[PDB]
Amino acid sequence: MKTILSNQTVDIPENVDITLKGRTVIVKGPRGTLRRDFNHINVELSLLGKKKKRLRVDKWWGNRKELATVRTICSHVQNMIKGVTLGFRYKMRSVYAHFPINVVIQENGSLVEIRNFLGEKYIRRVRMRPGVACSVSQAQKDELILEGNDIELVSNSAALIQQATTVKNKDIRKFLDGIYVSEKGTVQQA
Amino acid sequence: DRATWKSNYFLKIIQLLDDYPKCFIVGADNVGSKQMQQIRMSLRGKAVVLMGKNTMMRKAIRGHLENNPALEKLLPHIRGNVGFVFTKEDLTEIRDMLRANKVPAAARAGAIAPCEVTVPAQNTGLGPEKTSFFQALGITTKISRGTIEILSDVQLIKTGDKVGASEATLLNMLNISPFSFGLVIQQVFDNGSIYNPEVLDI
Amino acid sequence: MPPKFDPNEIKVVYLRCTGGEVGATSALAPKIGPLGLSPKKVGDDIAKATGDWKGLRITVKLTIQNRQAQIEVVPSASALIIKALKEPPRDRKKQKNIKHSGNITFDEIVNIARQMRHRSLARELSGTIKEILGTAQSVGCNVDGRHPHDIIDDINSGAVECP
Amino acid sequence: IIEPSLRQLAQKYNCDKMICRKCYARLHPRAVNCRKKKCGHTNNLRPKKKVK
RNA sequence: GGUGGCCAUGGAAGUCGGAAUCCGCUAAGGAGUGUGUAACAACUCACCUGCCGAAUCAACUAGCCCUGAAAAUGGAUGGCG
Ligand SMILES: [Mg+2]
Ligand SMILES: [Zn+2]
């Protein structure tokens, strides 16, 4: 069954100014500017609210499986807005029995340098993506802070080091060591 | 359960709205099942506590009885956990005052309420140094032999201002137990009247 | 008991269940009993004399501490008295036909049971507890020639004498 | 050794998992269905074994 | 809660197992779904509430595809597609 219409309005705050080039949404607030293309999903993105109050995504002659996606675009747009207003912060706390996982950021964000996970001589290196500023925390012991505007980029990068730090040929029930994400949040909370 | 048993509850609420003209609206946010067992037996001589759900917005259907009116002023308060306690013998505050038992206390970060909170310059009795929740804020303290003191005083947080997490946790470490008023009383009804617990009401 | 290791009388409560004669198989309370200045043997065998002259079918047992004095009271439990309201005591070494035996009246002795249900119940007055402790059966099965079954529905007594 | 809240972080990420009985593929706690095309999307799931 | 309920004691006080097996407070809480615990607790789940606003859910049965599905000179809806 094709559903004649499905739609959704995103409520855009007074801080930000989205401006869509056809289908491609660009978002600029305090923090910076983000962009993303929905040159796949195939919907009608209107900016109906004057002053500038609403993104409305339509979908229109759509069967079930594209009706899904109405809401997913609607999300990557909120998720941009939160990114360019507040900005995200994933915290990730290192975990162990014994060998201290020994982290050291090494340009600005960029290189996250890990000696000694489980006594291993090989020093794992991990790049961040562009726009992702890693930094070793304070007010807490074994704990990184990945700051960035883009969720997509910030959470590969969590996951890259969370996955770079995996044990092999053991019980990972027992060997519960490595670095992993403890708290997805924001820089500014409001 | 539940086209008959529902339609049953309906006949017991409509009863106590007629028979019992004195209504006490109670907030039981934190409660135990052994707690209420004891409160009903401690007030068995007096009151009748009545616990329901959403449906309590059926004062409309007793008000529909081509009959009662001022039950419109009961409409804004059937919201966010509430029950009523119907009593014959009331007689004003004097049974209402003896009901207030031990409880919050509590105190949490993100709260607002009652009056200006004070911590009389008294010697604390906590383990030594333990000055870091005072040093974080700013009060003049001294180790006289072993245990800790405040050798000065003021109001920590004033009315309308938010209580921080460190200033909340230090207050419940000291045993000073303010900011609370849940399971006690929210809004009385007695003969179409509108009482208000800011203070004449008692 | 409080900053530094203090006490200030001994009036402290401990509760136990079960009872043949007493205990004595390198055993009684321990854990709670030993640190407490009690023992394992004299304050065990003086728990005989009071929990005795008939209790030999499991008990509940509050022992009040005073310096090194262990007061051995038998506080009645609702099912324990209803097992002792039986056509009673056969005891041990037969027994064997077992303790699902089950035929015992307690017509007004369940009134005396629901009377001696001291505080515990937070009670509607008899006519509901009469049914609570009437409903907890498995052995007896109600009054001379009846079943608990049909007392639950009604009870044309007690009600206005117990308030 | 390894602080409780810290541990039960890692546990959340390596231990509380459902698992497909067909393909042994490892799944989140809520799964009523597998991900994998190979097993045929099974529903034959079990919890991953808690270490003794 | 009545409540180390009864059987079982080896522990099973709701819980290796079973007969069973019902009241109070009721609001609603099974003499218990489980975790697990020697047993508890502590936790959880039924039950029932608090907050939200209108559609929601379950078992079948079929259509279409996915799996079951593993063979030897290279590779055949006829090929191309
Ligand atoms: Mg191995
Ligand atoms: Zn699978």
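Points worth noting:
- Unique residue being more than 27 Å from B:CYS23 (Cβ to Cβ), surrounded by 12 or more Cβ atoms within 10 Å (Cβ to Cβ) and of a type in the set (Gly, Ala, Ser) when the list is B:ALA165, B:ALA109: B:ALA109
- Test result for A:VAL181, more than 16 Å from D:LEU6 (Cβ to Cβ) and away from RNA strand E (no atom under 16 Å from the Cβ): no
- In the stretch D:8-25, residue surrounded by the most Cβ atoms within 10 Å (Cβ to Cβ) [restricted to those that are part of a strand (DSSP E or B) and more than 14 Å from chain A (Cβ to nearest Cβ)]: D:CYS20
- The helices (runs of 4 or more DSSP H) found entirely in the stretch B:54-136 that carry 1 or more residues being over 23 Å from B:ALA168 (Cβ atoms) are B:59-63, B:93-99.
- Qualifying residue in the stretch D:1-20 (condition: near ligand 2 (Cβ under 8 Å from one of its atoms), polar (S, T, N, Q) and more than 15 Å from A:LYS174 (Cβ to Cβ)): no
- Single residue of the stretch D:26-52 satisfying the filter (farther than 19 Å from A:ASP171 by Cβ and β-branched (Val, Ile, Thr)) that is farthest from the other protein chains (Cβ to nearest Cβ): D:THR42
- Flag if A:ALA159 is within 26 Å of A:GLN78 (Cα to Cα), exposed (fewer than 14 other Cβ atoms within 10 Å of the Cβ) and away from ligand 2 (no atom under 16 Å from the Cβ): no
- All of (1) within 14 Å of another protein chain (Cβ to nearest Cβ); (2) in a strand (DSSP E or B) hold for D:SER5 with one exception: (2).
- Test set (1) under 24 Å from the mean Cα position of the chain (by Cα); (2) over 24 Å from B:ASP201 (Cα atoms) - B:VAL49 fails condition number: (2)
- Close pairs (6 angstrom Cβ cut-off, 6 or more residues apart or separate chains): away from chain D (no Cβ under 14 Å) in the stretch A:89-106, in a loop (DSSP other than H, G, I, E, B) anywhere: A:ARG89/A:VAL187; A:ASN102/A:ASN116
- If you check A:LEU34, A:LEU5, A:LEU48 for being of a type in the set (A, V, I, L, M, F, W, C) and either closer than 30 Å to A:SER135 by Cα or within 24 Å of the chain's Cα centre (by Cα) (or both), only one passes: A:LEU34.
- Scanning the stretch A:160-186 for residues that are within 11 Å of chain D (Cβ to nearest Cβ) and either touching a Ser or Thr at 6+ places or on another chain (Cβ under 6 Å) or assigned to a helix (DSSP H, G or I) (or both) returns A:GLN162, A:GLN163, A:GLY178, A:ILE179.
- Where strands (runs of 3 or more DSSP E) fall entirely within the stretch C:1-80, those with at least 1 residues that are under 23 Å from C:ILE104 (Cβ atoms) and not β-branched (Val, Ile, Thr) are at C:12-17.
- The lone exception for A:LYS53 - which of (1) surrounded by fewer than 16 Cβ atoms within 10 Å (Cβ to Cβ); (2) closer than 24 Å to A:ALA133 by Cα; (3) in contact with an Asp or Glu (Cβ under 9 Å, 6 or more places away or on another chain) it fails: (2)
- Restricting the stretch A:136-159 to residues that are within 17 Å of the chain's Cα centre (by Cα) and either under 26 Å from A:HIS98 (Cβ atoms) or part of a loop (DSSP other than H, G, I, E, B) (or both), the residue that is farthest from the other protein chains (Cβ to nearest Cβ): A:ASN149
- Apart from one condition, A:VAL132 fits all of (1) farther than 30 Å from A:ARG35 by Cα; (2) among the aliphatic types (A, V, I, L, M); (3) more than 14 Å from chain D (Cβ to nearest Cβ); the exception is (1).
- Residue in the stretch C:92-110 that is exposed (fewer than 15 other Cβ atoms within 10 Å of the Cβ), in contact with a helix residue (DSSP H, G or I) (Cβ under 9 Å, 6 or more places away or on another chain) and among the small types (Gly, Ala, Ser) present: no
- Test: residue in the stretch A:43-64 that is in a helix (DSSP H, G or I) and either within 14 Å of another protein chain (Cβ to nearest Cβ) or not hydroxyl-bearing (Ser, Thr, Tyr) (or both): yes
Here the Cβ is made from the backbone with ideal geometry for all residues, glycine too, and neighbour counts use every protein chain on show. Read-outs: derived from the displayed coordinates by stated rules, not from any lab.
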